[PDB]
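Reconstructed Cβ throughout: ideal geometry from the backbone, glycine too, with neighbour counts over all protein chains shown. Numbers and lists here come from the model and the stated rules, or from a named source; no laboratory read-out is quoted.
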Amino acid sequence: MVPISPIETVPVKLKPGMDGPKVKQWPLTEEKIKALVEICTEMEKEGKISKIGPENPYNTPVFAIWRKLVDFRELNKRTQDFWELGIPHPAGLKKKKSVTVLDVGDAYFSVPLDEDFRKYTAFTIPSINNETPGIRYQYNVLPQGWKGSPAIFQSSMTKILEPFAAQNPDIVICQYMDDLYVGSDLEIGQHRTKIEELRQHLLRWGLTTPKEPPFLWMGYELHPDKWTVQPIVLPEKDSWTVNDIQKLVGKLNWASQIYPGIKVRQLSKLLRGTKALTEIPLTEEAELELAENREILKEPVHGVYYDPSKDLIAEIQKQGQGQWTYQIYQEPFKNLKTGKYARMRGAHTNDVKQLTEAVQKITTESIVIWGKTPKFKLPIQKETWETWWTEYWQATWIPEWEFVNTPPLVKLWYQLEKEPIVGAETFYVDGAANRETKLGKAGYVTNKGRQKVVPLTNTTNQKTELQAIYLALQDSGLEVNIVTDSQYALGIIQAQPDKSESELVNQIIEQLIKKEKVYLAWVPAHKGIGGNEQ
Amino acid sequence: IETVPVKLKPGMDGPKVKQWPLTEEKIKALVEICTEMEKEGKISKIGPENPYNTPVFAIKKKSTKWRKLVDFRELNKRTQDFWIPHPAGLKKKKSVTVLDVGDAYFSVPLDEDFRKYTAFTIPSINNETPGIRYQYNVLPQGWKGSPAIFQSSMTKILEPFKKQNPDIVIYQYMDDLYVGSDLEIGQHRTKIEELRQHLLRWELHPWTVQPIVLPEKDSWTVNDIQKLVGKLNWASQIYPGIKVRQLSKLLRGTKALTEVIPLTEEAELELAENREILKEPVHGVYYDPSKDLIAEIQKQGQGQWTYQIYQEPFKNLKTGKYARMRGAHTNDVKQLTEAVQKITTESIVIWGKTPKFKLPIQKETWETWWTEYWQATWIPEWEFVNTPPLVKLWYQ
Ligand SMILES: N#Cc1ccc2c(Oc3ccc(F)cc3OCCn3ccc(=O)[nH]c3=O)cc(F)cc2c1
């Protein structure tokens, strides 16, 4: 016998204040008992387990479905924490002339367990009628379902594959759980030769190896020249529940990585605060969303693989209602992948901020996938971004980008003057409201003698302060100076929203858009400043 | 050559912080640097039995060579408190030079039981391969325990220089050594070179709380007086005797903002009294070492930034205005990063510790780009203010 290479074990300790689990055994039928006896006998003949003496006080339950199902639940609650998360995305994979899949078999059982920890993996097989002591075993290798088995196996597989990878730089090896994916641009005969060399090198340590394209891997379809997602099954039910909507949203989100134009806003709004598995009709906008998405998922869509010699490009389009979509590609009409971004939950916002957030998301996702920031094509003029970031009170930045003219274009709808306006009428505005009766007033006075006060019902101090500004915008010319004491209203307008969840703010914005020059000044209230006619 | 025993704080497990993604060039540079450090015994590869992790990234300091920087923030706040009065003469010196003595820590070995807490991971692109895990066998730069342990050795190394030039103040924070003197710039420059050669064997000019000033005009408009009353009303939160009733009386009526209003004698008297009040410092402003320092930053535009360091509201310990123009005109985030670094440096010089920043930037933008322009070996704490301040023009 040629001795297989030794594999050093990884020391394992249980969490502090805990000791080996001593869980009793559940009653099993005689068929289960005999099957477990035969299985454990074969495993012991192979060296995976060993019969143990009664000194070992630690035990773990075990069932049978034949297949043995040892339950290490309490042992996992007592075992320490280990390292290791995300899966490799197909769009980041680099086109190779040959790709081989090798599935390691008896993988965990190939790696030995720490000898000072085997005593805590013991289990008892219940004898027939419990007239005898139960058969006792301990695991000598990595058990199935254990907390530490995946990390220890991964570390061992890496330490074994390292010399072969270093000696063969002309091939690239990806390691994922119990599978190895070897890609190379060599000739097919040289490729198969290096595969045989690899599985021989793995056999030296005692690892057994045996699929062909297309590869069904982690919900993806991996073809030699393209990649896509596995067929998505969108259920059709006249009656929907919250668990159903959540599952439908997740499937739509998954399909959105390659299918462009997927929208999930309307369906996501339905599951707001339910937190209940059983409960929902579809609004007219939502039925379109599911029908739009059903139309999008009707036609085949494939993505390509990544070429490092070509530039990385991401183009962004505005969808409306706070929804954004982007496509990441290198050559025209051949996308590496797609995606979407939904605006954060807020009362006020504008297009430029949302576009910036989308750029940040695409940038982070790009650094994860391809390890580099892509060039951007954005539906915004250079002048618009220039004026925006130069006058924005916050520091903001977008990486290298260029303007693509695909409407709708992101623009600045209004801009406040930095200095008062000569020849423009000066509207001193003010509003107030009673706290108990919810009654209030909003009005303005001007330098030319123009005045107005409007009675208001079911309003607040903030609503009246906004209403006063709205009145001043309504009755003024193309150029207007406005004085207010509301820090609230000034704080809203200085955030420069183009849309709001408040109808009054939206109307104020619509009035601002129609204006030429608007100067919005602020003064302290109740200081006796004239014109501030509270 | 004998390790000092080091432990963590009671009831606190080792640090487990997510490693953020890195670009391919930074990954390459970290691979090469960590390979060289591995061949020098400074770090060693570790197995999966180490659950702890500390973030690490690559920076280019002031030059072209890449440098490995480790974000030991979570480890520092979890590392036990280790048991020097801050040299208050350091901020009173004419010139102070900052030196990097990080290459001295890599000689002292680290405690064997503590190394597992210094674990870090070099990430891989697209998660195609598991990250490369290392732990520190020697004292790690950026960890607050490294200078606390090397304090005795550094005291020995610098004992001759201190006796030779007792007028030169020497302070140490993290991997940086601050050297102050009241000598001429050229005299101190050569003396710093002498200290460098002495270290081989084995540009700052300290700045006040800027005053609040009011415009001096011959003719005032309605808008001018409105801004003046608003600024004086804001300043009344800081100063006791600020009054604006006689200036607010001038704004009586409904006049155009560009209309010039002549000042009365009561208004000029009130304005003059406000000026004299502002010329005096703030009443009862002390520093508390048991409280954190808060630093607010405002973007004024045209590369101009303002900042205020305080502990209690309207009780500023330090004010300033950063306006450097070196290769950052287009990028606001870069200017904010350098501004945060300079404020942190000054805070280290004055009080010996870093403040907590309130940054005028969205969290996502800052988190995405702040590491691309960071040249410092320490990292301060920060939060994000998404509501526009009104005091922006009141500090300009
Ligand atoms: N089941 C399964 C399976 C098969 C191959 C995979 C893969 O494969 C690759 C492995 C190493 C490598 F360098 C490059 C790979 O793919 C580059 C792109 N690609 C892909 C498939 C193909 O047929 N041809 C081709 O060019 C990379 C990967 F993450 C996961 C994989 C999972």
Within the stretch A:327-341, the residues that are within 11 Å of residue A:303 (Cα to Cα) and touching a helix residue (DSSP H, G or I) at 6+ places or on another chain (Cβ under 8 Å) are A:328, A:336, A:337
Restricting attention to the stretch A:315-347, the residues that are under 18 Å from the mean Cα position of the chain (by Cα), over 22 Å from residue A:89 (Cβ atoms) and in a strand (DSSP E or B) number exactly 1
Counting only residues in the stretch A:73-109 that are more than 16 Å from the ligand (Cβ to nearest atom) and in a loop (DSSP other than H, G, I, E, B), the one nearest to the chain's Cα centre (by Cα) is identified as A:84
Of the listed residues (A:176, A:181, A:137), the one being in the same structural domain as residue A:95 (by CATH) and in contact with a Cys (Cβ under 7 Å, 6 or more places away or on another chain) is A:181
Turns out the strands (runs of 3 or more DSSP E) fully within the stretch B:289-395 with at least 3 residues that are away from chain A (no Cβ under 13 Å) and more than 20 Å from residue A:394 (Cα to Cα) are B:316-322
Of the listed residues (B:80, B:135, B:141), the one being closer than 30 Å to residue B:13 by Cβ, away from the ligand (no atom under 16 Å from the Cβ) and within 14 Å of chain A (Cβ to nearest Cβ) is B:135
Filtering the stretch B:205-230 for residues that are more than 10 Å from every other protein chain (Cβ to nearest Cβ) and buried (at least 17 other Cβ atoms within 10 Å of the Cβ) leaves a count of 3
Those residues of the stretch A:365-380 which are among the aliphatic types (A, V, I, L, M) and not in a strand (DSSP E or B) amount to A:367, A:368, A:369
Residues in the stretch A:1-58 that are assigned to a strand (DSSP E or B) and of a type in the set (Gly, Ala, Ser) total 1
The residue from A:472, A:525, A:521 that alone is closer than 22 Å to residue B:224 by Cβ and part of a helix (DSSP H, G or I) is A:472
query: Can residue A:117 be described as in contact with a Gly (Cβ under 9 Å, 6 or more places away or on another chain) and more than 16 Å from the ligand (Cβ to nearest atom)?
result: yes
Restricting the stretch A:340-371 to residues that are closer than 19 Å to residue B:370 by Cα and among the charged types (D, E, K, R), the one nearest to the other protein chains (Cβ to nearest Cβ) turns out to be A:357
Flagged in the stretch B:234-274 as assigned to a loop (DSSP other than H, G, I, E, B), more than 8 Å from chain A (Cβ to nearest Cβ) and under 43 Å from the mean Cα position of the chain (by Cα), in numbering order, are B:236, B:237, B:238, B:239, B:240, B:241, B:242, B:243
Subset of the stretch A:1-43, residues away from chain B (no Cβ under 14 Å), closer than 30 Å to residue A:81 by Cβ and hydroxyl-bearing (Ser, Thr, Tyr), comes to A:5
Over the stretch A:469-481, the set of residues under 46 Å from the mean Cα position of the chain (by Cα) and within 14 Å of chain B (Cβ to nearest Cβ) is A:472
Just checking, does the stretch A:184-197 include any residue being within 12 Å of the ligand (Cβ to nearest atom), of a type in the set (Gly, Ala, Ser) and in contact with a helix residue (DSSP H, G or I) (Cβ under 9 Å, 6 or more places away or on another chain)? yes
Taking the stretch A:151-182 and keeping residues more than 16 Å from the ligand (Cβ to nearest atom) and either crowded, with 17+ Cβ neighbours inside 10 Å or in a strand (DSSP E or B) (or both) leaves A:151, A:152, A:153, A:155, A:156, A:160
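Each row is one residue, and each column tells you yes or no for (1) in a strand (DSSP E or B); (2) surrounded by 21 or more Cβ atoms within 10 Å (Cβ to Cβ); (3) not assigned by CATH to the domain that holds residue B:37.
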position	(1), (2), (3)
B:143	no, yes, no
B:148	no, no, no
B:166	no, no, yes
B:170	yes, no, yes
Taking the stretch A:398-440 and keeping residues in contact with a helix residue (DSSP H, G or I) (Cβ under 7 Å, 6 or more places away or on another chain), under 30 Å from residue B:369 (Cα atoms) and in a strand (DSSP E or B) leaves A:403, A:410
Of the residues in the stretch A:205-219, those that are more than 8 Å from the ligand (Cβ to nearest atom) and touching a helix residue (DSSP H, G or I) at 6+ places or on another chain (Cβ under 9 Å) number 7
For the stretch B:41-59 the number of residues that are surrounded by 15 or more Cβ atoms within 10 Å (Cβ to Cβ) and either out of contact with any helix residue (DSSP H, G or I) (no Cβ under 8 Å at 6 or more places or on another chain) or outside any strand (DSSP E or B) (or both) is 10
So, first residue within 14 Å of chain B (Cβ to nearest Cβ) and among the hydroxyl-bearing types (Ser, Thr, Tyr) in the stretch A:293-307, second residue within 16 Å of the ligand (Cβ to nearest atom) and part of a helix (DSSP H, G or I), Cβ within less than 6 Å, six or more apart or across chains; the pairs are A:306/A:92
In the stretch A:444-469, anything surrounded by 21 or more Cβ atoms within 10 Å (Cβ to Cβ) and part of a loop (DSSP other than H, G, I, E, B) is listed as A:459
